[PDB]
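A.B. asks: coords please:
(chains A, B, C, D, E and F, ligands or ions: 2)
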Amino acid sequence: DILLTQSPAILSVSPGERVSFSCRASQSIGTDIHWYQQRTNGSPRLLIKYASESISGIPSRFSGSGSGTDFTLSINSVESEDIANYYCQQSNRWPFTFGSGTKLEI
Amino acid sequence: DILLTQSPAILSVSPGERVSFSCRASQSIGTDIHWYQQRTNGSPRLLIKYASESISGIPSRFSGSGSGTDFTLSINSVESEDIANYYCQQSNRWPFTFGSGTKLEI
Amino acid sequence: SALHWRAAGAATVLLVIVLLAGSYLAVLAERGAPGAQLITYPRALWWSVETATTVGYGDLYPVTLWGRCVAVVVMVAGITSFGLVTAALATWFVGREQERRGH
Amino acid sequence: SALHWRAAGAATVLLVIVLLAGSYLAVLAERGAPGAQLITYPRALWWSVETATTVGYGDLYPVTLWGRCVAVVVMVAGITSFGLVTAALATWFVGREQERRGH
Amino acid sequence: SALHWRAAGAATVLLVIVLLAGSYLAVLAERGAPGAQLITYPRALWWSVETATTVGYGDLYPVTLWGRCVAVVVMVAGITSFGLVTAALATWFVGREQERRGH
Amino acid sequence: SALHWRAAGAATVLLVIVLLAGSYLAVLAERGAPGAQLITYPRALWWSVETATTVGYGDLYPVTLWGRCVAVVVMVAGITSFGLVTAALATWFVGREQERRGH
Ligand SMILES: [Ba+2]
Ligand SMILES: [Ba+2]
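C.D. replies: Numbers count the residues shown, from 1 in each chain, chains lettered A, B, ... in the order given. Ligands and ions are numbered 1, 2, ... in the order given. The relevant structure is shown in the block below.
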């Protein structure tokens, strides 16, 4: 089954800097990767779907890119509200799977 | 997205010797690789297209070979006018991408 | 009016229904099978079309028994449909040539 | 009754037999060949169907001479069968249009 | 002259136009989509031909909605064209057999 | 005797010649192209058959302009041939139904 690797586990950045989260799939999955955000004690929240399609209601600050086995979630000039755990998820092959997640630290 | 690796970054050769530049693609791209030459303060100039097709007006000294994920640009008996930076570029999958480039040193 | 022309239409509507039911049933049959790729509706619908036309690119295909069963119905509907239009276009060409002659 | 409608049936029964013999012969011909994947009956049967319909997904194909020979018979039976129904549906549409006219 | 023979020609010219527009529209629709391979005209044109004939090798296929939409028109034109010649060749064989008999 | 039945035969002989010339020309056109796989006669011949029937498995396909050109002739001959038999089987079914009726 597809394994989603998210490394590093923790990401430290300075306020307003640009940050990129990584997600590698153990096999080619086209652009069937989606991103979620989960704040402390919160529920996951769809950020990006199909690797780069912006979701309605998500700051323009958020963007996604990649295809095949390498995917990147980026945030332009991070800010306190972005402090959270980020997960990737694939829908290319059954069963759907999740990455281990990356923590954003300011 | 396709990653083009060009190593070494610098290549040292003696006048008139034969030299070969390398370009590896992170995935099979057939022969959809092209080569460019860029001299100091110059614009890139197409040298070879589709891995081995000679371009009109380019010294016969220049040749290209490869397929799949390994490509080579060769120059027969290098000469001062060849001192420059060389780049590879793929058109197999969107978006087009460039290699990091290799510097020829005599 | 003319039966042939009716069967053509009947088969096109029908084919469209089989394409739609096929997409839905395919996902239903394939989800639950490790490695299955025919598991979301939009691409399943594209899969059904490439199956009915027999184009086959090999970017998607069923890997379970029911999926393949569904596949067979889609192929047969596509082939039978596309072949029924041809039989329709022949009864037309033949009926019109008769005039241009003497019937 | 009507020959065409009979040939259609004859060809469908026949196609089914070729599909079955094809699955069996395929496995027999492919086993023994390194890298061969058409080596178990259930999937061989699915392979025969995708071959006769010409859908081809490329998930399975013969790699030996006999296998390919078997493949050619299945393709030809499928194509000839599916094309014989069409010729049957045409003789029908044509025979019925004649009435709706004046024969 | 004869309608059927005309439709055949009409469909061949048309198919050629759909092949050409198809190659152009395909590239236009696929460029911008990560991983897309149907992104240069020459190979797109070859892609359109293998699609219209339904040969499908799986070396190239659209991965975007518009691309697939374009694909469907090419398949349908190819199938409808290739099936219209057959209906044409039948009206011919039928019209000629009538003579060799008594009409 | 009957033209249709003759064209069928003519097309089968012809198809066989195109298959043979196709295998030979394919190898000739593909050798010299890095990564080309259609480069030995036996498999080229199998390739030509899967192309003419449009089965396409995707185990082999031309990657050069001439190869693809050769491919197009093989596809068209296969399709035109297989579609000419069908038109032949229709003129037969139609000519025989006429008797069973009143012509
Ligand atoms: Ba096909
Ligand atoms: Ba195929």
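A.B. asks: which element is the residue lying closest to residue C:73 once chain neighbours are set aside on?
C.D. replies: Among residues not flanking residue C:73 along the chain, residue C:18 sits closest, at 6.4 Å (Cβ to Cβ, 6 or more residues apart in numbering or on different chains). C-beta coordinates here come from the backbone N, C-alpha and C atoms, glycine included. Taking DSSP states H and E as the criterion, residue C:18 maps to helix C:3-30.
A.B. asks: In contact with the closest residue to residue A:30 other than its chain neighbours, which residues are there?
C.D. replies: Nearest residue to residue A:30, sequence neighbours excluded (Cβ to Cβ, 6+ apart): residue E:35, at 5.7 Å. Contact analysis of residue E:35 by Cβ atoms under 8 Å, 6 or more residues apart in numbering or on different chains lists A:30, A:31, A:67, A:68, B:1, B:93, B:94, E:63.
A.B. asks: Give me the distance between the closest residue to the fourth one other than its chain neighbours and residue C:37.
C.D. replies: Counting by Cβ to Cβ, 6+ apart, residue A:68 lies nearest to residue A:28, which is 4.9 Å off, once chain neighbours are set aside. Taken as Cβ to Cβ, to the nearest Å, the spacing of residue A:28 relative to residue C:37 amounts to 11 Å.
A.B. asks: Looking at these two, which one has more neighbours?
C.D. replies: residue C:37 (22 against 13; other Cβ atoms under 10 Å in any protein chain shown).
A.B. asks: for that one, what are its contacts?
C.D. replies: Applying Cβ under 8 Å, 6+ apart to residue C:37 gives the contacts A:92, A:93, A:94, C:30, C:60, C:63.
A.B. asks: Kindly reformat those residues as a markdown table containing neighbour count and distance to residue E:82.
C.D. replies: As requested, the contacts of residue C:37 are exported to a markdown table (neighbours: other Cβ atoms under 10 Å in any protein chain shown; distance: Cβ to Cβ, whole Å):
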| residue | neighbour count | distance to residue E:82 |
| --- | --- | --- |
| A:92 | 19 | 34 |
| A:93 | 19 | 35 |
| A:94 | 20 | 37 |
| C:30 | 26 | 31 |
| C:60 | 21 | 24 |
| C:63 | 18 | 31 |
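A.B. asks: Among those residues, pick out the one closest to chain B, please.
C.D. replies: Among the contacts of residue C:37, residue A:92 lies closest to chain B (Cβ to the nearest Cβ), at 16.3 Å.
A.B. asks: Identify the residues contacting the closest one.
C.D. replies: A:2, A:25, A:29, A:30, A:32, C:37.
A.B. asks: what's around whichever residue of chain C sits closest to chain B, how many residues?
C.D. replies: Closest to chain B within chain C is residue C:59: 14.5 Å, counting by Cβ to the nearest Cβ. By other Cβ under 10 Å, the residues close to residue C:59 number 18.
A.B. asks: correct me, but it touches residue E:62?
C.D. replies: No. Using Cβ atoms under 8 Å, residue C:59 is not in contact with residue E:62, being 9.4 Å away.
A.B. asks: Can you pull up the residues of chain C that come close to chain A?
C.D. replies: Residues of chain C lying close to chain A (Cβ under 8 Å from any Cβ of the partner chain) are C:30, C:31, C:32, C:33, C:34, C:35, C:36, C:37, C:39, C:40.
A.B. asks: Leaving aside the residues adjacent along the chain, what's closest to the first one?
C.D. replies: Okay, so that is residue C:30. residue C:36 (4.1 Å).
A.B. asks: so what's the one you found up against?
C.D. replies: Taking Cβ under 8 Å, 6+ apart, one finds A:93, A:94, C:30, C:62, C:63, C:64, C:67 in contact with residue C:36.
A.B. asks: need the residues of chain C near chain D, please.
C.D. replies: Residues of chain C lying near chain D (Cβ under 8 Å from any Cβ): C:2-4, C:7, C:51, C:54, C:56, C:58, C:60-61, C:63, C:65, C:68, C:71-72, C:75-76, C:79-80, C:83-84, C:86-88, C:90-91, C:94-95, C:103.
A.B. asks: Among those residues, which ones lie close to ligand 1?
C.D. replies: residue C:54 (Cβ under 5 Å from the ion).
A.B. asks: what about burial for the residues of chain C next to chain D, which qualify?
C.D. replies: Buried members of these, counted by 16 or more other Cβ atoms under 10 Å in any protein chain shown: C:2-4, C:7, C:51, C:54, C:56, C:58, C:60-61, C:63, C:68, C:71-72, C:75, C:79-80, C:83-84, C:86-88, C:90-91, C:94-95.
A.B. asks: hmm, stretch C:1-16 in reach of chain F?
C.D. replies: No. Applying Cβ under 8 Å from any Cβ, one finds stretch C:1-16 out of contact with chain F, separated by at least 13.0 Å.
A.B. asks: what distance separates that stretch from the centre of its chain?
C.D. replies: 13 Å (Cα atoms, centre = their mean, to the nearest Å).
A.B. asks: isn't there a helix covering the residue of chain C closest to chain B?
C.D. replies: No. Per DSSP: H, G, I helix; E, B strand; the rest coil, residue C:59 lies outside any helix segment and is coil.
A.B. asks: what sits against it?
C.D. replies: Each residue near residue C:59 by Cβ under 8 Å, 6+ apart is listed here: C:50, E:58, E:61, E:63.
A.B. asks: Next, the second one: phi, psi?
C.D. replies: Recorded main-chain torsions at residue E:58 are phi 90, psi 20, according to degrees, to the nearest 10.
A.B. asks: Wait, it touches residue F:58, no?
C.D. replies: Yes. Between residue E:58 and residue F:58 there is a contact under Cβ under 8 Å: 3.7 Å.
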